[PDB]
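# Architecture at a glance
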Amino acid sequence: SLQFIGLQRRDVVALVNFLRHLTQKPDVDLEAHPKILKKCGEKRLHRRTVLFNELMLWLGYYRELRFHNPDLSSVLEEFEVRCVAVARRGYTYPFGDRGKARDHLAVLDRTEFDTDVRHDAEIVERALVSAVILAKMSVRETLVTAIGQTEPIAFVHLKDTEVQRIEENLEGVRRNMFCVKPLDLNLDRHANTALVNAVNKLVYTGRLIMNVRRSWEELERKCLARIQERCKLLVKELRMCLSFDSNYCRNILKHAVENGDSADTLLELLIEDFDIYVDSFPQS
Amino acid sequence: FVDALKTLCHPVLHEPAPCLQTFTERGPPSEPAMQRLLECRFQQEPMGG
Amino acid sequence: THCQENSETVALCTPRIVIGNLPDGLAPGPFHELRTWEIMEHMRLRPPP
């Protein structure tokens, strides 16, 4: 597992158990827990070793994130089911202009997921905009027509308190994306047509998926940026001393990191032959 | 061309206002092909940063 | 031109300040080269320095 220089074992066990219990705390963002970062010991150790410690911590954090990546497949199936339901109900509605309604029905019924984890958000957005267009036409509220512009995604005629509750649930998902569980729909059969109700449920599910995916993507991008800049700084620091161990460490660090696989290779390579480059680093 | 100066330098040629007026009255084209030509955005922005 | 202004389409008129702004299909590059040769000859730079 993770192993690094210059730190007393209490801090080591502290941060590794931080990684262990990462999924079960709010604000799963690393910068949301600054005390863990300063545990690496800025102003406490030499620049080389503190940079190494921070790089190791970020690599471990990235590995934990990539491991805990949620299996969205359960709610994707429900999203597809709800798209089918919305389409079936939208067919029978007595729309004044069947043409554009049929176009939006077609784009709804064509939707499916291709199991590429990155493609979910845009498919969801397409389905949601079509569904919202249909719901707006059914209630015959006005809809945007300016060129180069699209209908915003929002709930239709939903009760205000339920709207803010749903927003709170989505914010909670955004804070911690791993323990998501949706149950919140207090929607009822009396007010609003059945088509509107189906559209509201569909848009809730879709927005939940979008929020979780976007949060994960942003967190990963931040992690990659931190790792890359730490590697650059550490290479520049180490380059000034020409020696066998320093050269070995530099050649290890020269690997580019832009994917989870590259991060795994870099981490494992640092772990596997830690003996060679440890002699170069100063301590205390 | 120097003989044509009786017309070429008269103000009426350089007034575009009636042309702009009729261009506005006719309105933007409705044909779907022309739509790709219709979309453009120009923004005034501060120069500070 | 037609242009977009906060969800509305508007018409815009602007002067072509210099002769170069004419469209190429309406005043091509070779024509500009020949006109430059003409003015150079007028200035007696027909074989230029």
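Rules behind the numbers
Residues numbered from 1 in each chain as written, not as in the entry; some residues may be left out. Chains lettered and ligands numbered in written order. Part of a larger assembly, values for the part shown. Heavy atoms only, no water. Residues with missing side-chain atoms left out of burial classes, pairs and counts. Buried < 20%, exposed > 50% of the residue type's maximum accessible area, 1.4 Å probe, protein only. Helix = DSSP H or I, 4+ residues; strand = E, 2+ residues; numbered from the N terminus. Contact = heavy atoms within 4.5 Å. Buried area = accessible area lost by both parts, 1.4 Å probe. Salt bridge = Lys/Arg side-chain N within 4 Å of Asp/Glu carboxyl O. Polar contact = N/O pair within 3.5 Å; in protein donor to acceptor, adjacent residues only side chain to side chain. Nonpolar A, V, L, I, M, F, W, Y, C, P; charged D, E, K, R; others polar. Axes fitted to C-alpha atoms, helices over the stretch in contact; angles between N-to-C directions. Parallel < 35°, antiparallel > 145°, perpendicular 65-115°, else oblique. Left-handed = near helix turned anticlockwise from the far one by under 90°. Expected span 1.5 Å × (residues − 1). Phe/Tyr/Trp six-rings, centres within 6.5 Å; stacked < 30°, edge-to-face > 60°. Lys NZ or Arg CZ within 6 Å of the ring centre and 35° of its normal.

Structure determination for this PDB entry is given in the record as cryo-EM, at a resolution of 3.02 Å.

Chain B carries the name Major capsid protein in the PDB entry, which gives Human herpesvirus 5 strain AD169 as its organism.

With the PDB entry as reference, chain A is termed Large structural phosphoprotein, source organism Human herpesvirus 5 strain AD169.

The next point concerns helix α3 (residues 17–26) of chain B. With zero of its ten residues buried, α3 of chain B lies for the most part at the surface. One or two residues past the end of α3 of chain B sits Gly27 of chain B, with phi positive at roughly 85 degrees.

Every contact between the two is made by twelve residues of chain B and, on the other side, nine residues of chain C. At the boundary of chain B with chain C, total buried surface from both sides reaches about 910 Å², with 66% on carbon and sulfur atoms. Remark: the boundary between chain B and chain C carries zero salt bridges. Across the contact surface, chain B and chain C share one residue pair in polar contact. Considered class by class, the residues forming the side of chain B that touches chain C number eight nonpolar, two polar and two charged.

Attention now moves to the packing of helix α7 (residues 160–175) of chain A against helix α8 (residues 194–238) of chain A. Between two packed helices, both the angle of their axes relative to each other and the distance between the axes serve to describe the pair. All names here are of chain A. It is the contact of α7 with α8, at a shortest axis distance of 9 Å, that shows an interaxial angle of 25 degrees. As judged from the angle between their axes, α7 and α8 are roughly parallel. In this structure, α7 crosses over α8, and the sense of that crossing is right-handed. Where α7 approaches α8, its residues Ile166, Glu167, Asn169, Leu170, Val173 and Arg174 are matched on the opposing element by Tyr204, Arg207, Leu208, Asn211, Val212 and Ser215.

Along its 14 residues, helix α1 (residues 29–42) of chain C runs 20 Å from first to last C-alpha, staying within 8% of the 20 Å computed at 1.5 Å per residue. Of the residues flanking the end of α1 of chain C, it is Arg44 of chain C, one or two places downstream, whose phi is positive at about 70 degrees.

Attention now moves to the packing of aromatic side chains. With the rule as written, the count across this model stands at nine aromatic pairs over all chains. Taken together, a centroid distance of 5.3 Å and an interplanar angle of 65 degrees make the contact between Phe52 of chain A and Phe281 of chain A edge-to-face. Taken as a pair, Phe52 of chain A in helix α3 (residues 47–68) and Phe281 of chain A in the segment after α11 (274–278) lie far apart in primary sequence, 229 residues in all. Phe52 of chain A sits in the buried class, given a relative accessible area of 2%. Ring-pair connections join several aromatic residues into one group, and the members of that group are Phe52, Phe274, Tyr277 and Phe281 of chain A. We note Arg66 of chain A situated over the ring of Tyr62 of chain A; from NZ or CZ to the ring centre the distance is 4.3 Å. Looking at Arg46 of chain C, its charged tip hangs above the ring of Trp37 of chain C, at a distance of 5.3 Å from the centre.

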